[PDB]
Amino acid sequence: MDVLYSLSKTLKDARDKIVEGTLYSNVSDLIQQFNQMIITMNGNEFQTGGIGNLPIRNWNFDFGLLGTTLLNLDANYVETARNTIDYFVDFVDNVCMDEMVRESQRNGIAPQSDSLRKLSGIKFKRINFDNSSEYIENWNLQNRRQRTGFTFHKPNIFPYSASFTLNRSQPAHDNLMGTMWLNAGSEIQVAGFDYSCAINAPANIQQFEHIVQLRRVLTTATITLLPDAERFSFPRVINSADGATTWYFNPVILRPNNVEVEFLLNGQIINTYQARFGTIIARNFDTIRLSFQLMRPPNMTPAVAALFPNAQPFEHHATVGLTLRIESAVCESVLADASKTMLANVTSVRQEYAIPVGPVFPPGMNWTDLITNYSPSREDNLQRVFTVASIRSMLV
Amino acid sequence: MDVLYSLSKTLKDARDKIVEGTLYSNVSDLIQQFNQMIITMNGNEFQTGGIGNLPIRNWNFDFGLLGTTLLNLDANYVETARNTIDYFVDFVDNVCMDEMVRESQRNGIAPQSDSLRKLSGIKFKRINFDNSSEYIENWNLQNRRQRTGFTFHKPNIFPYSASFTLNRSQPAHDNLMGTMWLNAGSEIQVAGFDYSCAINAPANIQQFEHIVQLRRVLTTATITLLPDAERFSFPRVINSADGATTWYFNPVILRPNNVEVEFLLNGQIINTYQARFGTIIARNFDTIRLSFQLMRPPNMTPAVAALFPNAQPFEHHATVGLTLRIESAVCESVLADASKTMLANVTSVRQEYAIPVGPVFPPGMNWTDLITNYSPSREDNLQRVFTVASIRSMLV
Amino acid sequence: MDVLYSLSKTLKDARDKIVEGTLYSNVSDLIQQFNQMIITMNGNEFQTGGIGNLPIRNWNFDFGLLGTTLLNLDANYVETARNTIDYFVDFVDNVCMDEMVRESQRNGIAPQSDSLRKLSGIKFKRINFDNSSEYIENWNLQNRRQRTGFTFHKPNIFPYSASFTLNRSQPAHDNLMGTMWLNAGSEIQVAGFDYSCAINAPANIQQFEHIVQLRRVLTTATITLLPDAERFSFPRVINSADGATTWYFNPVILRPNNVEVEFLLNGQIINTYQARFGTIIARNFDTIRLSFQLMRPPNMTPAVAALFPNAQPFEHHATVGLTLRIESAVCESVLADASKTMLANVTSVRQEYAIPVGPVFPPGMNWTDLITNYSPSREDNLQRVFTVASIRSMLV
Amino acid sequence: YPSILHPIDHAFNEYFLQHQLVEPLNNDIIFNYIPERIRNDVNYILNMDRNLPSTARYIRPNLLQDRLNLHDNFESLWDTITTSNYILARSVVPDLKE
Amino acid sequence: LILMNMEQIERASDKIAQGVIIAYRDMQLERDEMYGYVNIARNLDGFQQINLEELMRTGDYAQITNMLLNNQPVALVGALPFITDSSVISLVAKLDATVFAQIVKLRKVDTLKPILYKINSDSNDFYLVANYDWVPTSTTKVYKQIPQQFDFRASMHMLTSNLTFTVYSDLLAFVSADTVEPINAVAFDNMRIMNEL
Ligand SMILES: [Cl-]
Ligand SMILES: [Zn+2]
Ligand SMILES: [Zn+2]
Ligand SMILES: [Zn+2]
Ligand SMILES: [Zn+2]
Ligand SMILES: [Zn+2]
């Protein structure tokens, strides 16, 4: 991995720094590293495999070194370097794709493709130089059992889930009490509905709880909390739990009462926010507990009092909401996020070569299935393929 | 003009032949000509004018020569050559544009821009080399008082004209005898119509004649003669000569009779084709005379006999048409045609830079007005600008 | 591509120049280029592939150099040259055919066949010499992101479409107002028809508009405009839009009124022509807007007044036509045109060897489908195959 | 090697380097250097008992045929040329024995 | 190569100039990094040119004589030797204008040696320039060029050749040639040359 990354980084530096007219002293160390890579790779035969529709490709390395002959680089030097760099970049991209399309149940973090297994030999270790990118840095630290994290903007931590719970229900679905929620990506939009508007509640208070267990621990998370859930504030015709029939939802939005967001780690109260909205910070957590109350307004204007009668039928259903958005976080494990392209890159490579479903990942690299059952083996394989994808992104 | 063409051809050959890896023997003479051009142009200041919105531009030449001592051209050679070629091409394009937007009445064939007048000095005659293009070849031949010709595919020799002549008419326009025609570009469609179908004509024959006087002599012209004019073969509502009223045309197409197409030069018949359709050759002519006859069919089936009564009202009007298409020809003078872009280039350059209307060409370089009044001064200016446009086309 | 073109150009020059009795001074540079090509190709093994029914061919190059020690070429020299020329021409033709039948979505501009990929190695760049053809010129320019240009006589820019739009309609289809057009090749015929002859229209004017969007920008275009559209000037029985029924069209042609042809670039009017027909220049445009009015003639003779009653039934339908023919133009992208044979060559090679339909081109290289959805990938692949076709047409 | 040269000096030296008259020399070139009719004469046995390294070079003689056509309209020069050729041929003709 | 570099090689010479402009107006001495003040002409623009080689070959000195007598500005063009004069007093004495009468006298141009002034701090009388207010001028200018500066980037090249090879001259020395016994020598028809035996 470090050798493959070092090849990619050397090639990127060569493409960016070996430019016409540049001082010889701008590239001396780069030329030395590039010649070291050429020497190490010369005389070695590589094969990128024929898994799926990925074509089998054979790579031979017999390239002359780069000289150091002009004070300012000229077009001839750049052209020779470009020829060598193009061949090497093609080889590295093919190696990255081959590694990306494989997986293993037992040693998911270890190399899978023959080319990357060969590049893990001692003879190629000389190619290894600066490992500065976030993913390679995390890879190297993780190999040493050191604490490190990936920073995600809008981490895709919640598997898609749009469902409801009815705590009070009837066959006619006309006096319902329960909760709706959408947990999608970095967003949790929850709502608690009472059709009776807590007319018969002990203190005209109906308590609602939503507990979301994160599949991985998130640290240093910045979170936006908003009182209302816009997704559950318009009339809906909703299938029953079995799908036998459909019931009617006609929300009227009330201010959430006694709102408490608890971010829990190991069952301990790490962070607590009571009636606080806007931007909040969750230090380090793996569970979110949103508890909110629907309180019947003690004093109502005649129209509001007309909305909520003392008994059935109930045509306007009182709803309290909550929206939680993880704008950024840090996770010890790799995750899909809104800014990076690693999941997109791996999925595109797997789809474009018709890679058969393996024993580790879900079909089509479906992210909801992947995060739903985010096992340690899947974590290892995903980290491997994401690191390879980030290596490939430096050139392709 | 020969020096400007030589600059353009040298630059075009440099672009085409100075390519990486090529043997110097493939470009040796070209490099000699290029260095001759550089030496002749060095130390000279040029100004391309501010006519219209074309900006005033100043040009200096202090370029070094190209190398002549490689076996094969490399990247450095090509880059060094390209640096000079870009400047020279820009200068040539600006000189061509400056010359294209100018015109003179007294001497329209002579250069009009100061740059081209400077390039006509003896000191630049060294730049001159191979003058092989059709336009520059014609220019040189004509400067030698030698017979030379431009070959045109579909020459645009006919000014646009859709008109009719009523040899018999009345205020109600219900018993009309006459001719309709469109002369457009390289095409003539003519049709003689009789509303009575020659019921009261001597021998039941009506004679129609159409003369088209070409503004320039055409030679070795290939022409398609077809026996019908589809442009005048369907019902039409047509304005009157003064536009006071509109009349009705309801053709029924009969075979034209005694078709004689004469191609005449100085009033003498050069070529005569009687009842010949398809490809014909007009070797040298300045006038076309189409004589045809509407012959009342002596025998008519009842459906036919119904159409042509002995007297009015005439609801079906007997029409006989001819179509004459000039596919290819040769002219002493320059002409717009379907294949060449000279007129389009000149008009585009004049439109882009908002060149005011001059004393020679009509506004907008409109081709109908231009070819209608093809005066000697117009011919001189038009050949000059067309040659400059062809020179510019080699590089732009 | 430049090396393949250089091989083809060298072979064509050898065929043309190496003739019995000619001075060696006439061929010295050609002989040097030919011997350089022989040296470069000697010892290399090529394979033209077995895609489709194209046979797999193996190519070996072990040829002796052409002599350099004659004053005039003799029969021995010509025969010795011609054997090698025949073998090389066959090889070049097979390489071109292999490349023409191939395509890719990702890098369609890059070589697809193994032979052309091999020829793109540095060890063949020595073969490269004069790139003077229009297609190779544009290929080299486009490889550098320079302004390209292809000159087309009658460019095939309009995908075929014979359609109509009824702005006034009803189940009887006896009082219809609308437009019918044929946009085919370089030609647009459009015709606006009113069955009522604008009896009830405001000011007795019916306005018709036809907007044609070109899939590429055309520059320096010369266009013929003609008042009438002959294709919609005869009675027709036209299927309905759904094809459920057929309606009847019985045009009577009135001249169009207030004709406005606008040539627009990105929605900005670049060129405007009012009431002008003969020949016009559109310097830079991608959209054509044809506005034309049917004006009921205020004064009518008794027959014309008979044609157009105050109300239904309407037996004669007033039609105003317009014909727009692009005779020649310039486009930055390759196009099929009436003069070249690139599309014909590519389609013929794909048809003769039963090449399966690929991801890029429509089946059968159908030009209407290709130009309708002229995507950037399609443009790259089409330019590649058209350049290869032009290279092949130099020898075959 | 690095060099410091005026552009004209570099032009001259680069021309000398790029257009050297030495060609690779191998046994095939030497064998074809022998006249073709002597290689086919069975009275002469020709062998190549020397090994030429790949670093062997030679300069091709310029055996271009007469561009001056001295056999045409140069009576005195052609007389001299034929006399010299006759003397050389006399030198190489064998002597009769027995 | 020689033809294209001729003019550059010639203008690099320190003992010939490319011409001399006689302009009977006072022109300021140019300020050049190589001389100080110098009556140097960068080009010949604005002056009628008389080619000295053509004048020598024809022997017709009527035009040159008429122009020198009537003080008509001219440019004499041709490779000329020149005198480098570092004296300010010579410039004040206007000695550069006194060198053209011998052309008329002798009808020769092979002895024409125009004066090139080189006035700088090394001149014995440079104080006259420094301690007084005046513009050093002359009526004649010498058409000569300035040396090209040495540039390391423009002069550093890589020269490429072969490491080593051996050139051979006698190819037929590499052929071991033997002959059959003359008794067995055969002719083109594969029979013995002499069959009487
Ligand atoms: Cl965002
Ligand atoms: Zn964002
Ligand atoms: Zn339910
Ligand atoms: Zn009339
Ligand atoms: Zn045509
Ligand atoms: Zn319809």
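Reading the values: rules and limits
Residues carry numbers counted from 1 along their chain as the sequence is written. These may differ from the entry numbering, and residues without coordinates are not shown. All chains are assigned letters beginning with A, and all ligands numbers beginning with 1, in the order in which they are written. What you see is a piece of a larger assembly; the numbers all apply to this piece alone. Heavy atoms throughout the structure, all of them, feed into the side-chain values; hydrogens and water do not. A run of H or I in DSSP counts as a helix once it spans at least four residues, and a run of E counts as a strand once it spans at least two, with each numbered from the N terminus. Residues count as neighbours in contact if any of their non-hydrogen atoms are within 4.5 Å of one another. By convention, the term buried area covers the 1.4 Å-probe accessible surface removed from two parts as they join, with the contributions of both added. Salt-bridge detection follows one rule: a side-chain nitrogen of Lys or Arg within 4 Å of a carboxyl oxygen of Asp or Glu. By the criterion applied in these results, polar contacts are pairs of N or O atoms within 3.5 Å in which, for protein atoms, one can donate a hydrogen and the other can accept it, and in which residues neighboring in sequence qualify only through two side-chain atoms. The residue classification treats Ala, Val, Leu, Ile, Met, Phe, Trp, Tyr, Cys and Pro as nonpolar and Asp, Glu, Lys and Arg as charged. All others, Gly included, are polar. Two strands are counted as paired when DSSP detects at least two bridges linking them. Simply put, an axis is a line fit to the C-alpha atoms, just over the touching stretch for a helix, and the angle between two N-to-C directions goes from 0 to 180 degrees. For classification, angles of less than 35 degrees are called roughly parallel, those exceeding 145 degrees roughly antiparallel, those between 65 and 115 degrees roughly perpendicular, and all remaining angles oblique. Crossing handedness is defined as follows: a turn of the near helix away from the far one that is anticlockwise and smaller than a right angle gives a left-handed crossing, while the clockwise case is right-handed. Patches were defined on residues exceeding 30% relative accessible area and lacking a salt bridge, with like-charge contacts within 9 Å and nonpolar side-chain contacts (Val, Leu, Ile, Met, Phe, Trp, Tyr) within 5 Å. Shrake-Rupley sampling with a 1.4 Å probe provides the accessible areas, and residues are treated as covered by the protein chains on show and by no other component. By the counting scheme adopted, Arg and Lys are positive, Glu and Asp are negative, and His together with the chain ends is not counted. Each charge is placed at NZ for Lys, CZ for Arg, CG for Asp and CD for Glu. Each copy is superimposed on the others by a least-squares fit restricted to its C-alpha atoms. Only protein chains enter the accessibility calculation, which uses a 1.4 Å probe. A residue is then buried if its area is under 20% of the maximum for its type, exposed if over 50%, and partly exposed in between. Each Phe, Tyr or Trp ring, with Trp reduced to its six-membered ring, pairs with another whose centre is within 6.5 Å; inter-plane angles below 30 degrees give stacked pairs, above 60 give edge-to-face pairs, and intermediate values give tilted ones. Over a ring means this: the NZ of a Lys or the CZ of an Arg is within 6 Å of the ring centre and within 35 degrees of the ring normal. What is meant by a nonpolar core is a set of buried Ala, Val, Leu, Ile, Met, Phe, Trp, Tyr and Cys residues, joined one to another through side-chain atoms within 4.5 Å.

What the deposited record gives as its method is cryo-EM, and the resolution it gives is 2.68 Å.

For the bond running from A:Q312 to A:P313, omega is 0°, close enough to zero to count as cis. Not every positive phi belongs to a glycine, and A:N258 is a case in point at roughly 50°. Mapping A:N258 onto the fold places it in strand β11 (residues 257-265). Positive phi is not limited to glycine here, since E:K94 has a value of about 65°. Relative to the elements of secondary structure, E:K94 occurs in the loop between α4 (88-93) and α5 (101-106).

Attention shifts here to the interface of chain D and chain C. Contacts between chain D and chain C engage 4 residues on the former and 4 residues on the latter. Taken as a group, D:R60, D:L64 and D:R67 account for 79% of the area that chain D buries against chain C, more than any other trio of residues on that side. Connecting chain D to chain C are 0 salt bridges. Inspection of the region where chain D meets chain C yields 0 residue pairs in polar contact. Among the residues forming the side of chain D that touches chain C, the class breakdown is 1 nonpolar, 1 polar and 2 charged.

Listed per partner, the contact involves 48 residues of chain B and 48 residues of chain C. The interface formed by chain B and chain C contains 5 salt bridges. Counting the contacts that link chain B with chain C gives 21 residue pairs in polar contact. Looking at the side of chain B that touches chain C, the elements that each hand over two or more residues are α1 (2-17), β5 (177-185), β8 (236-239), β9 (246-249), α7 (342-352) and α8 (367-372) of chain B. Per-element tally for the side of chain B that touches chain C: the top contributor is α7(B), with 7 residues. When grouped by side-chain class, the residues that make up the side of chain B that touches chain C number 17 nonpolar, 20 polar and 11 charged. Across 2 bridges, the pairing between β8(B) and strand β10 (residues 251-254) of chain C is parallel. Within β10(C), the position partnered with B:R236 by the bridge is C:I253.

Attention now goes to the packing of helix α1 (residues 2-17) of chain C against helix α2 (residues 28-41) of chain C. Residues and elements named next belong to chain C. Relative to each other, α1 and α2 sit at 135°, their axes nearing to 10 Å. Between α1 and α2, the crossing angle belongs to the class labelled oblique. Considering how the two elements wind past one another, α1 and α2 form a crossing that is left-handed. Two secondary-structure elements touch here, α1 through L7, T10, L11, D13, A14 and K17 and α2 through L30, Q33, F34, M37 and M41. Across the contact of α1 with α2, the residue classes tally to 7 nonpolar, 2 polar and 2 charged.

Moving on, we come to the sheet that holds strand β4 (residues 56-59) of chain D. Pairing within the open sheet is mixed, and its 3 strands lie in the order β2(D)-β4(D)-β11(E). The sheet is open, and its two edges are formed by β2 (22-24) of chain D together with β11 (166-168) of chain E, each paired on a single side. Within the sheet, the average angular offset between the axes of one strand and its neighbour, ignoring direction, is 45°. One ladder, built from 3 bridges, connects β4(D) with β11(E); its direction is parallel. By the bridge assignment for β11(E), D:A56 is matched with E:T166.

The grouping of A:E20, A:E79, B:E79, B:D86 and B:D90 at the surface amounts to a negative patch. Looking at the element boundaries, B:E79 is found in helix α3 (residues 75-100).

Below, the discussion takes up the relation of the copies chain B and chain C. Aligned on chain C, chain B shows an RMSD of 0.3 Å; the corresponding rotation is 121° and the shift along the axis is 0.0 Å. The transformation relating the two chain copies, once decomposed into turn and shift, fits a three-fold axis. Residue B:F234, judged by its C-alpha, is the member of chain B lying nearest the rotation axis, at 3.5 Å. Mapped onto chain C, only 4% of the interface residues of chain B again fall at the interface, so the copies present different surfaces.

Residue and element names in this part refer to chain C. Mapped onto the elements of the fold, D337 is located in the loop between β14 (317-331) and α7 (342-352). Assessed through its relative accessible area of 11%, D337 is described here as buried. For the pair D337 and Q170, spaced 167 residues apart in sequence, the C-alpha separation works out to 41 Å. If we ignore the near neighbours within four places in the chain, the residues touching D337 are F152, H153, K154, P155 and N156. A distance of 3.4 Å separates a polar side-chain atom of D337 from the backbone nitrogen of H153.

This paragraph deals with the arrangement of the chains. Highest in contacts among the 8 pairs of chains that touch are chains B and C. Regarding chain A and chain D, the two do not touch, and the least distance separating their C-alpha atoms is 7 Å. These two, chain C and chain E, are apart from each other, with no contact and a minimum C-alpha gap of 18 Å.

Here we take up the packing of aromatic side chains. By convention here, two paired aromatic rings are described through the distance between centres and the angle between planes. The full count for this structure, using the stated rule, is 69 aromatic pairs over all chains. Taking 5.6 Å as the distance between ring centres and 55° as the angle between the ring planes, the aromatic pair formed by A:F46 and A:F124 counts as tilted. Of the two residues, A:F46 is situated in strand β1 (residues 45-48) and A:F124 in the loop between α4 (114-119) and α5 (134-143); the sequence distance between them amounts to 78 residues. The burial state of A:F46 is the same as that of A:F124; both residues are buried. Three or more aromatic residues joined by ring pairs make a cluster, and in this case those are B:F34, B:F46, B:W59, B:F61, B:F63, B:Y87, B:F88, B:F91 and B:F124. Above the ring of C:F46, the side-chain terminus of C:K118 is found at 5.0 Å from the ring centroid. In this structure, C:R216 packs its charged tip against the face of C:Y374, placed 4.1 Å from the ring centre.

Time to look at the nonpolar core. In terms of nonpolar packing, the biggest core is built from 219 residues, with B:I18, B:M41, C:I18 and C:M41 touching the most fellow members. For C:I18, the residues in contact, after removing those within four places along its chain, are C:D13, C:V27, C:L30, C:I31, C:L66, C:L73, C:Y77, C:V78, C:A81 and C:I85. Residues A:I38, A:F63, A:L218 and A:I223 belong to the second largest nonpolar core, which totals 105 residues.

What follows deals with the sheet that holds strand β9 (residues 137-143) of chain E. Residues and elements named next belong to chain E. Strand order in this open sheet of 5 strands is β4-β9-β1-β6-β5, and the pairing throughout is mixed. Bordering the open sheet on either side are β4 (40-41) and β5 (49-51), each of which pairs with just one other strand. Note: strand β1 (residues 17-28) against β9, 6 bridges, orientation antiparallel. Note that in β9 the partner of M27 across the bridge is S138.

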